[PDB]
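Scroll down for the structure; my scribbles are underneath it.
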Amino acid sequence: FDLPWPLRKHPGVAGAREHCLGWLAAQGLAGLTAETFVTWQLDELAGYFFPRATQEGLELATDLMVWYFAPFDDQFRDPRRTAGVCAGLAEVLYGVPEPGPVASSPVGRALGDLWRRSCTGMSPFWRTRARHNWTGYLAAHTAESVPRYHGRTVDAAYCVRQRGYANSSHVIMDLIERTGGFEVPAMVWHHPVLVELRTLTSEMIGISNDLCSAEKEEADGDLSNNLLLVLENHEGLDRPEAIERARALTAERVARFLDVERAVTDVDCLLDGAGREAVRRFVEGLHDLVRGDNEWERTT
Amino acid sequence: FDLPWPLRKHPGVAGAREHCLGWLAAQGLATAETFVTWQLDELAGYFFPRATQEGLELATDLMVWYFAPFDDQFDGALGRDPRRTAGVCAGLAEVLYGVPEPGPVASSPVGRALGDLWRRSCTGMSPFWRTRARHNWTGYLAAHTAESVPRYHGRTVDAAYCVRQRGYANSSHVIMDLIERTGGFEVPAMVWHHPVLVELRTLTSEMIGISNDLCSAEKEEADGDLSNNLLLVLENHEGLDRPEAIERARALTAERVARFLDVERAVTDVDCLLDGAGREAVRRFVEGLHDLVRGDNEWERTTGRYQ
Numbered sequence: 002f003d004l005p006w007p008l009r010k011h012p013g014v015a016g017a018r019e020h021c022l023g024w025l026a027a028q029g030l031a032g033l034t035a036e037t038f039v040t041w042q043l044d045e046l047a048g049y050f051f052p053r054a055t056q057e058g059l060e061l062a063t064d065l066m067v068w069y070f071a072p073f074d075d076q077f078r079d080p081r082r083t084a085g086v087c088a089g090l091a092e093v094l095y096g097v098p099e100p101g102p103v104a105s106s107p108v109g110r111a112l113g114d115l116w117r118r119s120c121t122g123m124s125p126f127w128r129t130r131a132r133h134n135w136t137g138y139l140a141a142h143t144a145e146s147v148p149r150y151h152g153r154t155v156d157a158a159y160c161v162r163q164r165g166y167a168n169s170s171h172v173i174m175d176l177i178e179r180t181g182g183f184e185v186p187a188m189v190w191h192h193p194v195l196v197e198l199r200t201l202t203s204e205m206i207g208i209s210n211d212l213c214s215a216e217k218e219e220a221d222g223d224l225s226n227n228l229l230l231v232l233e234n235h236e237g238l239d240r241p242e243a244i245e246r247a248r249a250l251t252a253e254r255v256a257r258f259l260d261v262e263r264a265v266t267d268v269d270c271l272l273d274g275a276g277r278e279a280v281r282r283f284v285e286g287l288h289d290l291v292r293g294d295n296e297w298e299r300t301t
Numbered sequence: 366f367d368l369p370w371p372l373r374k375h376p377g378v379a380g381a382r383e384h385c386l387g388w389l390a391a392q393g394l395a396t397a398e399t400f401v402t403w404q405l406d407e408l409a410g411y412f413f414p415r416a417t418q419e420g421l422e423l424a425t426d427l428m429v430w431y432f433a434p435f436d437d438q439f440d441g442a443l444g445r446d447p448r449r450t451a452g453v454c455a456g457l458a459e460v461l462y463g464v465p466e467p468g469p470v471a472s473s474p475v476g477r478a479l480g481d482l483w484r485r486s487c488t489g490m491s492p493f494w495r496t497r498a499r500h501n502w503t504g505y506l507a508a509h510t511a512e513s514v515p516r517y518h519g520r521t522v523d524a525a526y527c528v529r530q531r532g533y534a535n536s537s538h539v540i541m542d543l544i545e546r547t548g549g550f551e552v553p554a555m556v557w558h559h560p561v562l563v564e565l566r567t568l569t570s571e572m573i574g575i576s577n578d579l580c581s582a583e584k585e586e587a588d589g590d591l592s593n594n595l596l597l598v599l600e601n602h603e604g605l606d607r608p609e610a611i612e613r614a615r616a617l618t619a620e621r622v623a624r625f626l627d628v629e630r631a632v633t634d635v636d637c638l639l640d641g642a643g644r645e646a647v648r649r650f651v652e653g654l655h656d657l658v659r660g661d662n663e664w665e666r667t668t669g670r671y672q
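Keeping their order, the protein sequence lines are chains A and B. Using my numbering, read the first sequence as starting at 2 and increasing by one per residue. Using my numbering, read the second sequence as starting at 366 and increasing by one per residue.
The structure is reproduced here in structure tokens:
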């Protein structure tokens, strides 16, 4: 998939990898969790995602990436159980004093470390919004664990929207600020222009995620919620046609992104110099998420 | 019009009006035409027909706060200054958070009344609801700021996009969090964010936003293509006259009613996620969405259109 933005990569990946291996050990997640870390190039992923982060920020993002792929994904199947695991993790984020088994397990305690560090230096506006976004992601992850289109009418745009709504980029997008040492003011963070840029970012990454994981989950057939399998079942396409449809949906969303991006100036009229710089760095960060995901999938 | 849901009414509207008159005076916000002419107490009764009396009174205070004091903040030529509207909304947002050095709107009557509404809203609600409801308050204040500056002047826009923007910015996003609080239950967070409930809330807010725009179109018509109101947008960007824009708004409402009825059938998709207490919470929440749409539709037909 072609993309119009330049690829950038953090030069501190090697230091972040060393930090992350020690952290996996400290957090009791270390067994081929480290092997999955290095061979899946999750330190490279973090370096593509946040190529302008502080070193501390890159290290936080690297820890979060390995947490997503090894201990979080390892927890996942039936809907009540996945709903309970996601609810227990959510409890970690709210500092619920009565910690269920999930919060006390390594994946839960590690999430607690990640969230404590994520909150460092961020205003209560950011903390509330990021907590809400984590909760929405965990709920949506539960929703996507059950077949949603078996014997139902659904168009490609609805499917893409669901996969974007469920995509982990919604959590990751909040870390552009945190890893870069700035914060978008809450009154402009919720501006509809920025909302739609975030929606598009998450949909393009969801399409990419689904494209690269379709062959693995092809066994699910019409019980899959993966966009490619859904297209094969609800548009009757074969796999090549499904790929070209995915490339088309991606291209449609790139064009929409450039168009909506033209209205970011609407946001600047309520901002001093620093707020304008924050918005610029945030929007550039969304470029890096899409382009970085693209490059990581390519090189992996 | 011709909605599939029944109109229901809380029995304690008279007590709620009396309470709210007392509340306005105590908060320094006293003005009675909000009830005498505009029937806000009756609207609250249609919105929350199954609340406790305490809950009905909280909803009444909130809706009256929105209608008179909050909206009063944006009256006259001054109320059109987008940097000032941004200032008021930012300072009201500040009321809700622990900020080191607050600005002057936090200690103004409108701001202190909002503090009282938020404290009462939190009573008995879990940290999940408190986080979510404050997030929704914050997004509402930000979206109100965004809607205070022309968004479509010299630009192309379609009806679906405009309706989505007015729904995103609608105060019904804050109001619907009060179904739980005024009713004494709570939707579990893992199902509150389920795509089915998300879409039902989006549809609800879009329908109420269409209805609200029907009532404010004559207020802003002098703004022409600088207005963000759905009807004026349809005039300037689809070339319709006013009766035509109203008919298009009726069609957009009908299509969202139909969609609502469709995805509402999928509310059973969250039963495999819940216990008995949860399924009941979801049921009462979805029914409360009916009451908001139906009550607003009634009030628009009889009163809101008069502006």
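Using N, Cα and C, we set each Cβ at its ideal position, and we do this for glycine too.
*Write down the C-beta distance between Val647/B and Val539/B rounded to the nearest angstrom, noting that I regard them as a contact closer than 8 Å.*
Not quite, the Cβ-Cβ distance comes to about 20 Å (not below 8 Å), so this is no contact.
*Should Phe126/A be flagged as near chain B, meaning a C-beta pair shorter than 9 Å?*
yes
*Counted within 10 angstroms of its Cβ, other Cβ atoms place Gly410/B as buried (16 or more) or exposed*: buried
*Figure out for me which residue from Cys454/B, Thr425/B, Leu423/B, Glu422/B has the closest Cα to the Cα of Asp436/B.*
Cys454/B
*alpha helix (DSSP H) containing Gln530/B: first to last residue?*
524–533
*What is the DSSP secondary structure of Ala27/A, reduced to helix, strand or coil?*
helix
*Measure the beta-carbon distance from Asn227/A to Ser214/A and round it to whole angstroms, keeping in mind my assumption that it falls under 8 Å.*
7 Å
*Residues in the region 137–159 of chain A having any Cβ partner in chain B nearer than 8 Å*: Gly137, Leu139, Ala140, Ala141, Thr143, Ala144, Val147, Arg149
*Backbone CA spacing between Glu19/A and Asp260/A [nearest angstrom]*: 41 Å
*Leaving out five residues before and five after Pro241/A in sequence, what residues of the same chain have Cβ atoms less than 8 Å from its Cβ?*
none
*Is there contact between the region 282–295 of chain A and the region 33–52 of chain A, where contact requires at least three CB pairs shorter than 8 Å?*
yes
*Could you give the DSSP three-state label for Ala187/A: helix, strand or coil?*
helix
*Are the C-beta atoms of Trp116/A and some chain B residue less than 9 Å apart?*
no
*Could you pull the start and end residues of the alpha helix (DSSP H) that residue 308/A belongs to?*
Outside the modelled stretch of chain A, which goes from 2 to 301, sits residue 308/A, for which no answer is possible.
_Comparing C-alpha positions only, which one of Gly420/B, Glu398/B, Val464/B, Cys527/B sits nearest to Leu599/B?_
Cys527/B
*Is it true that the region 424–442 of chain B meets the region 475–495 of chain B, where meeting means three or more beta-carbon pairs spaced less than 8 Å apart?*
yes
*Among residues of its own chain, excluding the 5 on either side of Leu591/B, which ones have a beta-carbon nearer than 8 Å to its beta-carbon?*
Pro515, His518
*Candidates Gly32/A, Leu30/A, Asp44/A: closest to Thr300/A by CA position*: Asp44/A
*asked:* According to DSSP, is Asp606/B part of a helix, a strand, or is it coil?
replied: coil
*Just mark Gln392/B as buried or exposed, buried being the case when its beta carbon has 16 or more other beta carbons within 10 Å.*
buried
*Give, in chain order, every unbroken run of the alpha helix (DSSP H) that is at least 4 residues long and sits entirely within the region 25–85 of chain A.*
34–40, 43–50, 56–68
*Which residue comes first and which comes last in the alpha helix (DSSP H) that contains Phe2/A?*
That residue, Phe2/A, is in no alpha helix (DSSP H); it is neither H nor E in DSSP.
*Entirely within the region 454–539 of chain B and at least 3 residues each: give me those beta strand (DSSP E) ranges in chain order.*
none
_Members of the region 450–470 of chain B near chain A, C-beta cut-off 7 Å_ = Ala451, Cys454, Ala455, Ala458, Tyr462, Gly463
*For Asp267/A, return the contacting residues in chain B, with the cut-off set at a CB-CB distance below 8 Å.*
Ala511, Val514, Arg516
_When you compare the region 236–256 of chain A with the region 485–502 of chain B, are there three or more beta-carbon pairs, one atom per stretch, that lie closer than 8 Å?_
no
*Neighbourhood of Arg78/A by C-beta distance below 7 Å, restricted to the same chain and skipping five residues each side*: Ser146
*Is any beta-carbon of chain A found at less than 9 Å from that of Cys637/B?*
yes
*Throw me the rounded Cβ distance for the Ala157/A and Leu250/A pair, which I believe falls under 8 Å.*
6 Å
_Strictly under 9 Å for the Cβ-Cβ distance: is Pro414/B near chain A by that measure?_
no
*Tell me, please, whether the CB atom of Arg649/B is closer than 9 Å to any CB atom in chain A?*
no
*Alpha carbon to alpha carbon, how far is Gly85/A from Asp175/A?*
25 Å
*Using the Cα positions of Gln56/A and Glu564/B, report the straight-line distance between them to the nearest angstrom.*
40 Å
_Please list, in chain order, the chain B residues whose beta carbon lies closer than 8 Å to that of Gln76/A._
Per Cβ cutoff of 8 Å: no residues; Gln76/A is ~14 Å from chain B at best.
*Alpha carbon to alpha carbon, what distance is there between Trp24/A and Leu195/A?*
34 Å
*With 9 Å as the limit, tell me which residues of the region 175–202 of chain A have their beta carbon closer than that to any beta carbon of chain B; keep them in chain order.*
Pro186, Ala187, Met188, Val189, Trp190, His191, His192, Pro193, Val194, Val196
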